[PDB]
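Order of the sequence lines fixes the chain letters, A, B, ..., with proteins taken first and strands second; residue numbering starts at 1 for each chain. Start at 1 and go down the list; that is how both ligands and their atoms are numbered.
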Amino acid sequence: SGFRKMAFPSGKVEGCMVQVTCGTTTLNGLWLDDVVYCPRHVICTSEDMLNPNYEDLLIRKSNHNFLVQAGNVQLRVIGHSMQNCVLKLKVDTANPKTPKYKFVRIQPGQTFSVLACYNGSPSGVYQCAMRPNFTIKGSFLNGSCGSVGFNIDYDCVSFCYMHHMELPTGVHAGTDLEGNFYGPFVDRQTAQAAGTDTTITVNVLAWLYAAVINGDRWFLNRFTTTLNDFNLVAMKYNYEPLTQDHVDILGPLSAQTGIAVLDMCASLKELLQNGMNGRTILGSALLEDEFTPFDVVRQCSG
Amino acid sequence: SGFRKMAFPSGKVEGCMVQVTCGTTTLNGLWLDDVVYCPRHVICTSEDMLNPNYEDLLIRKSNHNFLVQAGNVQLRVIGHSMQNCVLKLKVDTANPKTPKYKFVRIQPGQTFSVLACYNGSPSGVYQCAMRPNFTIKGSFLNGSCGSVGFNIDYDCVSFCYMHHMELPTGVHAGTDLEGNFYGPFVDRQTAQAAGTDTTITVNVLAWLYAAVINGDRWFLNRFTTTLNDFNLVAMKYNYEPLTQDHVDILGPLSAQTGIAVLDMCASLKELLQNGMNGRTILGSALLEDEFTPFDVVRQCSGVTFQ
Ligand SMILES: O=C(Nc1cncc2cnccc12)[C@@H]1CCOc2ccc(Cl)cc21
Ligand SMILES: O=C(Nc1cncc2cnccc12)[C@@H]1CCOc2ccc(Cl)cc21
Ligand SMILES: [Cl-]
């Protein structure tokens, strides 16, 4: 019993965190095999950040301009290349702690663990979701760039995010491990803003199924809804549209609890209309949207 | 910017998790130096749990009755003894991944990270607090016994909790690593219940300071209060009493934000008496009490653990 915002154990990723320094700038790098991945803005000074020409800034650097520190050991950079917004530094030592890993680009609504780091040293681990507006609501201070997001389903680390920047609203933007930004963001100091965010409907439904699995049914009602009528209502509360894919994905949770997906949608419609009336659901007075259907099944009893 | 429920990096503890099997029961053990610590109830059948005589149940076991698996390697148990509600299995190999560690008993209100494990394999990490009623609001399924709670202070892992049981309300009970239970609980299948809980006042104040640091100020007001008047309101709302020690501990956050501790107490008093009026604080509609003043300072300063 219980339901917590649970992160993956971070040890496999801690053994990959290194410090990358280029001139006066220091940030984090991810050391996998003989390559260290980090945000390409490590080659920029604060001045270069409005309209950096990364190809021009990079051509001026030699391997010895990159200082990579792994614990108390300096690694030797023997090559460098840029892939999109990530810089890849080839080093002369393969990381002996390299776990089984893959690079995966995720979709909005997907969750992942973030290992926040400073100076190549891990500070904390927390669970995040890629918001519908392609930002993440992280907890990052100056020096956290290059911290990564990941999942560890079945012993393989799937790296899905590398931290690059904080937007004016205090939310965060980054890339996948191939250096492609999530969303319409650029690694430039030019005026950029997070778009209007919405609630991840499929995740709220998954979390209502988690509440039913954990013994809470107060919010259920005798009604059902069509998928279209649900979407017309939910969008009035700034909820993402629920697709037939989301309905299919919720099938296993629907079968386990005996509550049809559109019946749970009717419950959600009623919660949006009524609020909680002084009650809580899984210790929350708000509808939680940072648990996916997969997270609920993984955490909850069967 | 941002403020998340953040756990310590778990790698140092992951390297200590092992699987302990005794007969039909499998649970988790903590392998530090040449000893594996686990709940003593690993030796009980379901019927033994009804009224166990642990000394008597243990005298019937030999070292070979305890199968300890560290990853894909079977460790050899060469001794066994009980300390309170923990069983200590001496093994023939010191854990090469043993971090610098201590065993510490925490007080209610203190937070810690839990590394939830099943079959000696870490599954997740989360943060929680020792409630004033000595339970933890954990997330644990069957097989999670022996999962541990810890803090990291500098390069030292302070182990403070070992999971033993789930109470009927779905909250959890366990011991320190010396096998002493937190709370008036016993390791027996008998009627037990979590007592009425209270809110950890000093932690709510710390989280209000975290909200101010992160740019949320709507709850601030021009008022102040005395510690006695604030404590009268705390008692009324099932909040733990705030001591002068708690005020002193909140001193740094008070100096940073410019909001005196008793000034923040008047904001909390108003929140208790009036509610949030449709507003949220750090994305929450409830007053959060599972961040200590130290957690707030640590998260807002970026302290690392290499
Ligand atoms: O966002 C950035 N720094 C940080 C990241 N995350 C959290 C933080 C918190 N507080 C200050 C700084 C932070 C850098 C510096 C600002 O301007 C830019 C512009 C583009 C890029 Cl790609 C990075 C940055
Ligand atoms: O609580 C216990 N098991 C678990 C712990 N945590 C979470 C769980 C979730 N779901 C089922 C079981 C769980 C065991 C089994 C029940 O009877 C007792 C009685 C005393 C003692 Cl010390 C332990 C136990
Ligand atoms: Cl995805």
Looking only at protein heavy atoms, which one is nearest to [atom], and how far off is it?
| atom | result |
| --- | --- |
| atom 18 (C) of ligand 2 | B/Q189 OE1, 4.0 Å |
| atom 3 (N) of ligand 2 | B/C145 SG, 4.2 Å |
| atom 6 (N) of ligand 2 | B/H163 NE2, 2.7 Å |
| atom 23 (C) of ligand 1 | A/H164 O, 3.2 Å |
| atom 10 (N) of ligand 2 | B/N142 N, 3.7 Å |

Practice item. State whether the number of non-hydrogen atoms from other residues, nucleotides or ligands found under 6.0 Å of A/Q244 atom CD is greater than 12. Key: yes
Review point. Are there more than 12 heavy atoms of other residues, nucleotides or ligands under 6.0 Å from atom CD1 of A/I59?
Key: no
Is [X] touching ligand 1 with its side chain, its backbone, both, or neither, if touching means heavy atoms under 4.0 Å apart?
| X | result |
| --- | --- |
| A/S144 | side chain |
| A/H41 | side chain |
| A/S46 | neither |

Check your understanding: For atom 16 (C) of ligand 1, is the nearest protein heavy atom under 4.0 Å away?
Key -> yes
Exercise for review: Taking only heavy atoms of A/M49 into account, list the atoms of ligand 1 that are under 4.0 Å away from them.
Suggested key: 19 (C), 20 (C), 21 (C)
Check your understanding: Is A/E166 close to ligand 1, meaning an N/O of one under 3.5 Å from an N/O of the other?
Key -> yes
Check your understanding: Using a distance-only test with no angle check, is there a side-chain donor-acceptor pair under 3.5 angstrom linking A/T198 and A/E240?
Key -> yes
Check your understanding: Would A/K5 and A/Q127 count as having a side-chain donor-acceptor pair, cut-off 3.5 Å?
Key -> no
Practice item. Please check if the side chain of B/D197 supplies one atom and the backbone of B/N133 the other of a donor-acceptor pair under 3.5 Å. Key: yes
Review point. Taking the side chain from A/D176 and the backbone from A/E178, do they hold a donor-acceptor pair closer than 3.5 Å?
Key: yes
Review point. What orientation do A/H164 and A/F181 show, parallel under 30°, tilted 30 to 60°, or perpendicular over 60°?
Key: tilted
Check your understanding: With respect to A/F150, which candidate in A/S10, A/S158, A/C160 satisfies the side-chain contact (heavy atoms from CB on, under 4.5 Å) definition?
Key -> A/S10
Exercise for review: Quick one: look at B/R188 and ligand 2, take heavy-atom pairs under 4.0 Å, and tell me if it's side chain, backbone, both or neither.
Suggested key: backbone
